[PDB]
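Only one chain comes next, encoded as structure tokens, the form deposited without this ligand.
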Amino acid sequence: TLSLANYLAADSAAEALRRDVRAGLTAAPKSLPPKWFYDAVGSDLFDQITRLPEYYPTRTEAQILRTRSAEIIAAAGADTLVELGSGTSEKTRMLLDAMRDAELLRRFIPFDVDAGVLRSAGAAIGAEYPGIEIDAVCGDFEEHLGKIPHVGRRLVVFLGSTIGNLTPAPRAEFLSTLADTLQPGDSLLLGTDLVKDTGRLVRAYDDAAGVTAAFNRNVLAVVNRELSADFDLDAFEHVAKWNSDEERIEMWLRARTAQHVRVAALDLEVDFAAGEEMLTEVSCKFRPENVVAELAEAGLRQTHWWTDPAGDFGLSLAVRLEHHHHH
């Protein structure tokens, strides 16, 4: 059966956007938070990104998952799959199938922000695996992970290398609060894209076909629609840079010419000097030794580690770290 629990107010999304755009456009370095890439148009564009020749990470992680699903499930020994975020639908089925193969499948707990996407995919998963207890949560990572049920022993999965779109401090902060939700006997499966040839890294985030560029520009179309703004989309160049100090890709929007921009709903006036760049995303790439470290710092011990043949991408399986104190 299905049980959906909706923790997002109707105006929670509207109000956070106002809040965010106002801070982003008035900061000395202008910026916009990546979460706003994912309206209907944006998210279809991202789905198209997962199929681009240059954009290896989705298909690499998918491929590892394919090989290791049986093994993950034997190691988790869980009857309950929690999926943090959705939009990794084919990957979900791999984990669900492997749980069924093992005669262990009992409960599915998707956790996303679109109640409609949840509501639908539940009827589809509920179709394919009859007899399953689906408990969808409409909630937000930074507030509502606590809302996720701790009944049974659970495999909690965070795929799509989303965790890389957070900078060190809020990334440590999210890993830690997430670690707190795990009961003894639960496991976290986490995906992390790895440091590699930087030319391949830059190309992955600025494809030949200009799709990423559209994806990037569309955040302005979002602001235009939702907050009555007049961003000239054609006036901003998509630029992807590799930051070797932070070992991350950064996406920017660079004004070709001097732009003056009005956000009417916010009664905000913004100016873009010619060539001025606006930060819209970072994508952090990990080193195998540091994943183990950031995990332990979060309160999690790696129990398993899997890479694709070319060492492009990592999957980790972790359990709550425990200590023996001395006084």
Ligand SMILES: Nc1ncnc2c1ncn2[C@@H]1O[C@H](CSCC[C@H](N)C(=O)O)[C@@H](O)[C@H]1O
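Rigid core (definition): largest C-alpha set, two forms, superposition within 1.5 Å. Start at 1 with the first residue shown and count on from there.
The following text describes the form solved in complex with this ligand, which does not appear among the structures shown.
Contact here is defined as any heavy atom lying within 4.5 Å of this ligand in the deposited bound form, and by that definition each of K91, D112 and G160 is a contact residue. Segments offered: 67-75, 178-186, 112-120, 98-106. Contacting this ligand in the deposited bound form at heavy atom distances within 4.5 Å is 112-120. In the deposited bound form, this ligand lies within 4.5 Å of some heavy atom of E83. Although the partner is absent here, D79 sits far enough away that none of its heavy atoms falls within 4.5 Å of this ligand in the deposited bound form. The closest non-hydrogen atom of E133 lies beyond 4.5 Å of this ligand in the deposited bound form. Contact annotation for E226: none of its heavy atoms lies within 4.5 Å of this ligand in the deposited bound form. None of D232, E237, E247, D140 but one reaches within 4.5 angstroms of this ligand in the deposited bound form through a heavy atom, and that residue is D140. Of the residues in 8-38, those that come within 4.5 Å of this ligand in the deposited bound form through at least one heavy atom are, in sequence order, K35, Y38. The residue among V113, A255, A179, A213 whose Cα moves by 2 angstroms or more between the shown form and the other one, once the core is superposed, is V113. Remark: with the core as the superposition reference, the CA shift of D197 between the shown form and the other one stays below 2 Å. Once both forms are overlaid on the rigid core, the distance between the two CA positions of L233 between the shown form and the other one is under 2 angstroms. With the core superposed, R18 shows a C-alpha displacement of at least 2 Å between the shown form and the other one. Relative to the shown form, the CA atoms of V117 and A40 are brought 3 Å or more closer together in the deposited bound form.
With a change of no less than 3 Å, the CA-CA distance between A13 and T50 is larger in the deposited bound form than in the form shown.
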